[PDB]
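Shown next as structure tokens: one chain only, the form deposited in one PDB entry.
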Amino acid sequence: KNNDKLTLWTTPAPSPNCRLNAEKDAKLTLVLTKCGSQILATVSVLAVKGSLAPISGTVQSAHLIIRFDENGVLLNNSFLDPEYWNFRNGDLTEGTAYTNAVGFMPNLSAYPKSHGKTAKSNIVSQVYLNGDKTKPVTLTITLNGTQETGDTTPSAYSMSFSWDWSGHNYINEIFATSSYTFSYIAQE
């Protein structure tokens, strides 16, 4: 059992695995590492096709919402593909889908279902396009909720990533973000 039940990830070098505008138009690298009562996370994203590859016209943001059921399992019609979202085995994922990941879900006491507009449910910081300090992008992570254009979409748990560069002209650049570290309180 080369398994590691304390890390849930996309793999460190994913194939296209998520939908920012269309199916598999980006590679999300997301690693969740369980440190008891807190999850330690790293996230980065790279667009591979469409209006973010390269950034065209008037687009100044990108959004991904990941939704899980009561067992911490991705919902049907997930915008993150489930095939390579699993517990760690070396640099790969287990092949058999997990049945329970509640230990990696954002705590519902800390981050209640209807509370996405609450300050505590948001982690907000700058990341940098192409790892370039002169090209800031704001990242807003929302736990068990959304601040955007209205979400009472059923899920038990959720994690929302919103990248925004209002005011910046990044036309003809590929949308790709520096790696960002964060933590949140675990459900169990």
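Shifts are known only where both forms have a C-alpha. Residue positions are given as counts along the sequence shown, with the first one as 1. Note that the rigid core is defined as the largest set of C-alphas that superpose within 1.5 Å between two forms.
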For this session: Take the C-alpha B-factors listed in the entry for 138 to 146 and for 55 to 63, compute each mean, and give the stretch with the larger one.
Result: 55 to 63
Problem set entry | Stretch exceeding the other in mean C-alpha B-factor - 28 to 36, 46 to 54 | 46 to 54
Exercise. Between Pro82, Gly95, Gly72, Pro106, where does the Cα B-factor run highest in the record?
Worked result: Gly95
For this session: Looking at the entry's B-factor column for C-alpha atoms only, identify whether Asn89 ranks in the lowest, middle or highest third of its chain.
Result: highest
Exercise. How does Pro12 rank on Cα B-factor within its chain, lowest, middle or highest third?
Worked result: lowest
For this session: Grab the CA temperature factor for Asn122 from the record and place it in the lowest, middle or highest third of its chain.
Result: lowest
Exercise. Mind checking which third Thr153 falls in for C-alpha B-factor across the chain?
Worked result: highest
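The discussion below concerns the form solved in complex with a partner chain, not included here.
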Problem set entry | Exercise: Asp25 in contact with the partner chain in the bound PDB entry, heavy atom 4.5 Å | no
Problem set entry | is_contact(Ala53, the partner chain) in the bound PDB entry, heavy atom dist at most 4.5 Å | yes
For this session: Considering only heavy atoms, tell me if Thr58 and the partner chain come within 4.5 Å of each other in the bound PDB entry.
Result: yes
Problem set entry | Position with Cα shift of 2 Å or more, rigid core superposed between this form and the one not shown, options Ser61, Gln126, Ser56, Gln147 | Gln147
Problem set entry | Distance direction in the bound PDB entry for the C-alpha atoms of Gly72 and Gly90, relative to the displayed form (3 angstroms or more) | closer
Problem set entry | Closer or farther in the bound PDB entry, the Cα atoms of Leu20 and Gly150, when the shift from this form is 3 Å or more | farther
Exercise. Given a rigid core superposition, which stretches of at least 3 residues have all Cα atoms displaced by 2 Å or more between this form and the one not shown?
Worked result: 76 to 78, 89 to 95, 115 to 117, 146 to 153
